[PDB]
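In the form solved without the DNA, a lone chain appears below as structure tokens.
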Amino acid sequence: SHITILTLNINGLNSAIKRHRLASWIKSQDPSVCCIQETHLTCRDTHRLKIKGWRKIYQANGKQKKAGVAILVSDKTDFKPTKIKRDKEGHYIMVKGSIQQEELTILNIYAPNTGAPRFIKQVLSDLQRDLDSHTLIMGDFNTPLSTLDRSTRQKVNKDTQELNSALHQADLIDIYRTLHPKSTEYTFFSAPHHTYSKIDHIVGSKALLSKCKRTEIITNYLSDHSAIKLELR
């Protein structure tokens, strides 16, 4: 029975109507694990995020209606947690555990608009003791990782090159780009610039590659980001 992992920047959940439509969308997608970014919930308001079928919901949130991340696990998934690491500022959350007795390490990250790849590299640094051979890093990196991740096809800046080098040192690869080397799909559109970019990513341990059956982008009506879904064997 295959595990599916979904990542979606939801662009805010402080409204009830949004929360109801996220719930219907998640229940239609039926993911085993769902990573959400920019819930915009404060540390006070986390119990507003509830969805039938996904009772286990881990969340990292700051004090303001900014950022905010969450990892939802399906009630149908036999999940045993071992470690949950929450960003005090609500920009990332790591959940470690086992499903069907396989260990999985999931880092859900929401990088800020400014200095995104530096922030990510620092997070990898802060969390290096918990990175392993079954690590998935997904979320809104707010940065392309390679030239084909932007409609402009411009080269990635120096900060991004260092992040990629840090990823390589940790034996981490862009799973989406590995499965789709020539892909020209995008997850975000910036109207000021008429620019399209893939700033949402699924990065993982190289040892997980053989378990990565399919990965695809899912456009939607809920948010200004498209989702990414990964199917594990």
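From 1 onward, residues are counted along the sequence shown.
One more form of this protein exists, namely the form solved in complex with the DNA; it is left out here, but the text below deals with it.
- In the bound PDB entry, the DNA stays beyond 4.5 Å of every heavy atom belonging to residue 63.
- Contact check for residue 142: a heavy atom falls within 4.5 Å of the DNA in the bound PDB entry.
- Residue contact with the DNA in the bound PDB entry: residue 11 places a heavy atom within 4.5 Å of it.
- Using a 4.5 angstroms limit between non-hydrogen atoms, residue 113 touches the DNA in the bound PDB entry.
- Of the candidate stretches 168-176, 33-41, 50-58, 201-209, only 33-41 contains residues with a heavy atom within 4.5 Å of the DNA in the bound PDB entry.
- With the partner omitted from this view, the residue of 96, 121, 150, 134 that lies near the DNA in the bound PDB entry is 150 [heavy atom within 4.5 Å].
- Heavy atoms closer than or equal to 4.5 Å to the DNA in the bound PDB entry belong, across 182-203, to the residues 188, 190, 191, 192, 193, 195, 197, 199, ordered by sequence position.
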